[PDB]
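For reference, the structure is listed below as structure tokens.
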Amino acid sequence: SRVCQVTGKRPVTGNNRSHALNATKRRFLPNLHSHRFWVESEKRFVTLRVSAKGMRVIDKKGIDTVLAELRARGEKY
Amino acid sequence: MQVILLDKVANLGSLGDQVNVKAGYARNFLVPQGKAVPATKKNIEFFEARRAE
Amino acid sequence: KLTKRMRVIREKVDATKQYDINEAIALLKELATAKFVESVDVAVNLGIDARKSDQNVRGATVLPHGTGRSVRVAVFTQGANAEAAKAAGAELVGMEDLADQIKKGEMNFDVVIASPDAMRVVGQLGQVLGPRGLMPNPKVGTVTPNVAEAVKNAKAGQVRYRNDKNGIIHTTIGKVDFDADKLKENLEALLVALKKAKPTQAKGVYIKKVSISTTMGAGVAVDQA
Amino acid sequence: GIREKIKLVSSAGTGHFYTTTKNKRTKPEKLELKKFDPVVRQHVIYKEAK
RNA sequence: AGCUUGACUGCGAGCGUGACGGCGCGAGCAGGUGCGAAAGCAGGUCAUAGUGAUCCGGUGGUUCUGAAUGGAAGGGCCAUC
RNA sequence: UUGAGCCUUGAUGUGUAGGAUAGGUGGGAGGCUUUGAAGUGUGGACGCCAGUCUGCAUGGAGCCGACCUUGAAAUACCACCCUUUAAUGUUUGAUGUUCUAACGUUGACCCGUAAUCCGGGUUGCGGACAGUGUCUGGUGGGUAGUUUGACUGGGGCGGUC
RNA sequence: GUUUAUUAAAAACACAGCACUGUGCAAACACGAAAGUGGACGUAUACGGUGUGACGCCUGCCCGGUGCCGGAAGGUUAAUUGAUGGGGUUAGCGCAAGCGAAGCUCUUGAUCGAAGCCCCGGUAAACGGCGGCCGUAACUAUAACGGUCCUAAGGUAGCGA
RNA sequence: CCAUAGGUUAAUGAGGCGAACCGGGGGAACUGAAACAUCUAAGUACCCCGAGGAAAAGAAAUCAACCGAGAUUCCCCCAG
RNA sequence: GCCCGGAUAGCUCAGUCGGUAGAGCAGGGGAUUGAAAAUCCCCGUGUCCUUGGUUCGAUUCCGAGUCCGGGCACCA
């Protein structure tokens with residue numbers, strides 16, 4: 001499933017509000033990108049499918065800080 | 001981002017300084033290899049000690 | 001292109017600087033190294049459309065300190081207006097019936113003035129005064145019944161200003177020999193004039209750029225305000 | 001059509017104005033007439049014409 | 001043809017015609033004007049067709065309202081597109 | 001490397017009468033040259049090869065202005081600028097190439113594992129492109145939801161409102 | 001041969017053949033929000049779409065409109081970027097009318113701005129079109145032929161109630 | 001190489017069913033507007049996931065207006 | 001509504017960084033050939049859509065307006 005393994009973001013439903021205001025169900029598919037992150041505390045290329053914003057969150061907190069939140073909620077990487 | 005350098009590197013060499021580098025050159029080659037480090041305020045002071053001491 | 005006498009004064013002015021009316025009057029006095037009393041000139045790029053009748057800046061203004069030069073006036077009146085023109089101070093006063101004689105060889109003057117009831121005679125053959133800015137016109141303030149006054153103002157130091165068909169206007173405001181403070185009063189006398197002659201449809205900054213200069217000198221940026 | 005629609009504005013400091021129409025074709029000149037004004041309560045000049 | 005702007009503003013008892021909306025007539029009264037010496041006349045054109053409901057907005061005027069107060073925005077009212 | 005704006009710096013304009021490849025308004029009867037000028041002799045260069053500018057240099061001590069003409073008079077000098085154009089720079093963009101560390105790999109190899117899937121690793125070849133997400137314009141009966149009036153000698157046509 | 005099982009078995013459909021066109025592999029295309037799979041465990045003598053319909057003789061004229069395949073000076077132009085101007089608030093200054101810094105906010109919308117469209121050059125085995133009025137060949141009649149109608153050109157062969 | 005992936009064994013728990021109520025992710029049409037797309041139908045029908053005995057919500061960056069009230073939820077007015 | 005372009009002789013059109021506005025078609029005639037064809041040339045009936053501004057001078061350059069051609073915008 002196209003759901004960020006960090007921010008938890010996932011395809012949200014919406015509507016294509018045209019000029020004439022014609023409702024039309026749609027969705028906002030998150031900008032996920034399978035990126036290979038390296039951990040200095042494990043020496044491994046932990047690949048995680050996260051969105052654009054999901055990657056920045058890993059920059060501040062840290063790849064080690066993010067993974068720590070994964071193994072906590074059952075997330076396997 | 002700012003981030004501090006650990007190695008020499010090209011047009012920004014100094015073996016330790018804060019330079020406004022694009023998040024692309026840092027989070028892809030610099031840090032993900034061993035030539036830079038995010039200035040999380042906790043590192044700017046860490047390496048700062050290396051300067052004096 | 002330029003000579004030392006010109007390259008020497010160019011170093012006395014900062015091209016990338018907008019001096020003040022008080023700092024321009026003093027600096028201008030140092031931009032006149034010629035062998036004769038140079039005259040002060042001020043040009044400005046009016047933010048108007050010169051190609052629009054409803055946006056033409058033209059008229060006349062009286063300097064608080066004159067121009068510092070003799071202005072031989074030549075008036076063409078009729079009737080009793082002839083005497084009022086002579087006793088006024090006009091250098092030459094020719095009648096309406098003898099307007100052709102002036103075209104012959106008696107053509108020596110700086111400005112020409114006439115009366116409304118005498119514009120049909122001077123209007124024609126004006127192919128010698130028109131292209132020389134000597135063709136009397138009720139706009140430039142050279143055509144009015146009270147010629148006695150018009151001539152006095154001109155002899156006092158009244159200068160006419162008219163923006164070209166490009167959007168620029170230049171007029172004399174005295175000489176360089178004049179004191180600093182003196183020039184300032186004269187310069188501001190004109191600056192406030194254009195602002196009063198600003199067209200109603202004029203959009204954008206009316207005063208885009210102002211600069212002063214001498215006869216044999218460069219220009220200097222100055223803040224009109 | 002053709003005969004445009006104008007509005008005579010009060011020459012006074014008031015904002016009142018009367019509506020009407022004119023012939024811009026052969027009557028380009030600025031219309032001007034003296035009518036009553038409910039604001040100032042006095043017949044003031046009314047200009048403005050398309 | 002001369003002089004000019006009553007094609008003006010606030011009302012209008014009363015009356016005509018329509019299911020209604022709406023439309024039409026109206027002497028006269030109050031204020032302010034034009035013409036005539038004056039008596040008077042003029043609320044467009046001899047009259048009857050020359051037209052566009054509402055909603056939604058724009059513009060000018062009016063402190064009427066002003067979501068705590070003092071303003072403003074907006075809205076309402078009049079004129080108007 | 002270059003297309004355009006912007007700011008200085010330099011060029012730049014062949015209606016006609018005519019000493020002549022006149023930009024328009026203004027100042028302006030003198031500045032310019034011994035801080036070494038005309039006038040000749042070349043290079044570079046614009047270009048309607050008409051003509052002119054200029055560094056260097058020869059030389060060395062003049063060159064000019066209403067001029068009588070031109071609708072409009074100066075390469076006599078100096079300003080604010082347009083038309084056109086060139087070179088630094090500045091600013092906003094564009095184009096292509098190189099490199100490799102993401103990404104891609106339905107190339108090869110190894111292991112999980114006597115397994116054509118998959119995952120990890122190594123290597124090679126591409127490469128910040130490709131691709132994808134969002135926004136945007138265009139395109140779009142492939143598909144979906146509907147409209148396409150009523151009077152009317154039945155309806156339709158015509159006409160009408 | 002196939003087809004409306006159960007009123008139509010036919011001139012319809014299919015048909016080998018031929019032609020145009022798309023496709024260089026992770027192909028085009030198709031089923032799917034995606035993954036994946038089919039196409040094909042194939043590789044232009046392949047495959048998909050369209051058209052026609054053994055064979056024999058052949059398959060003309062026309063590019064405006066509507067499409068497709070390219071190029072392109074200038075013009076217009078979305079999102080994005082947010083230059084100026086105006087307005088609201090208010091410290092202060094005004095004895096008052098009024099104006100009004102900084103900040104914040106609302107509003108107005110230059111500049112940057114690719115396609116597209118128009119434009120231009122081709123393509124008709126693409127969707128289609130391939131007709132009207134006159135003059136004339138020295139018996140009539142017709143029209144080899146010559147203009148025009150400005151819509152692109154106006155019927156070759158053959159055949160023909 | 002280390003380290004992991006992986007493999008084996010053991011303990012615990014989970015899997016399912018179920019009329020309603022509840023929270024959350026999905027989310028119509030018919031119909032009405034006497035047509036019809038904005039709108040309405042409706043966040044209803046239905047599909048799916050999870051939990052309890054209630055669930056959910058819940059201890060103010062809420063309202064009020066210069067006087068105060070003081071979590072959430074439920075009912076009645078406010079008010080058609 | 002915004003913007004660009006076009007309107008030129010009777011018709012179809014070319015043209016300029018500001019100034020005697022031309023060509024083709026048609027008709028009459030001429031030249032040329034011995035002659036009939038052809039060919040070439042001469043002969044013109046313009047406020048260059050309309051109203052202004054700058055200029056010695058406007059079909060030009062600019063502003064407004066009209067018709068027409070193209071696109072876009074267009075929720076009462």
Reduced to Cα centres, the span from region C:209-225 to region C:1-78 in Å works out to 7
If you take the beta carbon distance between A:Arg56 and C:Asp49 as r and set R0 to 51 Å, what does 1/(1 + (r/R0)^6) give as a FRET efficiency, to the nearest 0.05?
-> 0.45
Which value, in debye to the nearest 20, describes the size of the charge dipole of region C:19-160 about its Cα centre when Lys and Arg Cβ atoms bear +1, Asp and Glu Cβ atoms bear -1, and nothing else is charged?
-> 180
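Where nothing but the Cβ of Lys and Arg (+1) and of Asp and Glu (-1) is charged, how large is the charge dipole of region C:106-225 around its Cα centre, in debye to the nearest 20?
Numbers: 17 positive and 11 negative charges, 113 e Å.
For region C:106-225, the charge dipole is close to 540 debye.
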Prolate/oblate/rounded call for chain C, Cα gyration tensor, a/c under 1.5 rounded | prolate
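Kindly put C:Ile168, C:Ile48, C:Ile25 in sequence by how many other C-beta atoms sit within 10 Å of each C-beta, fewest to most. It would help to have the intermediate numbers written out before the result.
Numbers: C:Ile168 13, C:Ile48 22, C:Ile25 25.
Listed from fewest to most nearby Cβ atoms, that is C:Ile168, C:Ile48, C:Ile25.
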Using mean Cβ contacts within 10 Å as the protection proxy, how do D:17-28, C:205-216 order, highest first?
-> C:205-216, D:17-28
Report P(r) for region C:13-82: all Cα-Cα distances, bin width 10 Å, range 0 to the bin holding the largest distance, values in whole percent.
-> 12, 28, 30, 22, 7, 1
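Please sort C:136-144, C:193-201 by packing, taking for each peptide the average over its residues of neighbouring beta carbons within 10 angstrom, highest first. Intermediate values should be presented prior to the final figure.
Details: C:136-144: 18.2, C:193-201: 14.6.
So the order, starting with the most tightly packed, is C:136-144, C:193-201.
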What does the charge dipole of the protein assembly as shown about its Cα centre add up to, to the nearest 20 debye, if the Cβ of each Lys and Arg holds +1 and the Cβ of each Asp and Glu holds -1?
-> 3120
Counting sequence-distant residues (5 or more places) and residues on other chains, those with an amide H built under 5 Å from that of C:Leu46 are C:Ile169
Starting with the highest mean, order C:104-113, C:37-46, C:86-95 by the number of other Cβ atoms within 10 Å, averaged over the residues of each peptide.
-> C:37-46, C:86-95, C:104-113
In range of the label at B:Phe29: residues from region A:17-45 whose backbone nitrogen is under 14 Å from the point 7 Å along Cα→Cβ = none
Charge dipole of region C:123-214 built from unit charges on the beta carbon (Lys, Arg +1; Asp, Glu -1), centred at mean Cα; most positive-end Cα among C:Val176, C:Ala148, C:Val159 is C:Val159
Rounded, prolate or oblate: which fits the protein assembly as shown, taking a ≥ b ≥ c as square roots of the Cα gyration tensor eigenvalues, rounded meaning a/c under 1.5, else prolate when a/b beats b/c?
-> oblate
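C:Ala156 to D:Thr21: FRET efficiency via 1/(1 + (r/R0)^6), r the Cβ-Cβ distance, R0 41 Å, to the nearest 0.05? Spell out each step's value before the answer.
On the way: r = 53 Å, r/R0 = 1.30.
The pair C:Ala156/D:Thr21 has a calculated efficiency of 0.15.
Give, as a single signed number, the net charge of other residues whose beta carbon lies under 14 Å from the beta carbon of C:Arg120, with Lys and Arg counted +1 and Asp and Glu -1. Could the numbers behind the result be given before it?
On the way: positive: none; negative: C:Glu96, C:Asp97, C:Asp117.
After counting each charged neighbour, the total is -3.
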Please name which of B:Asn28, B:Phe47, B:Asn11 has its Cα lying farthest along the dipole of chain B towards the positive end, using unit charges on Cβ (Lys, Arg +1; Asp, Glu -1) and the Cα centre as origin.
-> B:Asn28
Counting alpha carbon pairs within less than 8 Å and at least 6 residues apart, what relative contact order, in whole percent, applies to chain A?
-> 28
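What helices in chain C pass both tests, a Cα length along the helix axis of 20 Å or more and a mean Kyte hydropathy of -0.5 or higher, using whole DSSP H runs?
On the way: long enough: C:180-196 (24 Å, -0.06).
Long hydrophobic helices here: C:180-196.
Could you work out, residue by residue across A:56-65, how many beta carbons of other chains sit within 10 Å of that residue's beta carbon, and then give the average as an integer?
Working: counts 3, 0, 1, 8, 3, 1, 2, 1, 0, 0.
Taking all residues of A:56-65 together, the mean is 2.
Once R0 is set to 25 Å, what does the formula 1/(1 + (r/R0)^6) return for the Cβ-Cβ distance between C:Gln127 and C:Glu106, expressed as a FRET efficiency to the nearest 0.05? Mind dumping the intermediate values first?
Numbers: r = 17 Å, r/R0 = 0.69.
For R0 = 25 Å, the calculated efficiency reads 0.90.
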Find how much the distance from C:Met95 to C:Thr215 grows on full extension, using 0.36 nm per residue of separation minus their present alpha carbon separation; answer in nm with one decimal.
-> 39.6 nm
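Expressed as cubic angstrom per residue, what is the convex hull volume of the alpha carbon set of region C:101-156?
Values: hull volume 4.9 nm³, N = 56.
Enclosed volume per residue, from the Cα hull, is 88 Å³.
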Between rounded, prolate and oblate, where does chain A land on the alpha carbon gyration tensor, with a ≥ b ≥ c its root eigenvalues, rounded for a/c under 1.5, else prolate if a/b exceeds b/c?
-> prolate
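Each value in this text was obtained by applying a stated rule to the coordinates, not by laboratory testing. Note that each Cβ is placed from the backbone with ideal geometry, even for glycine, and that neighbours are counted across all protein chains shown.
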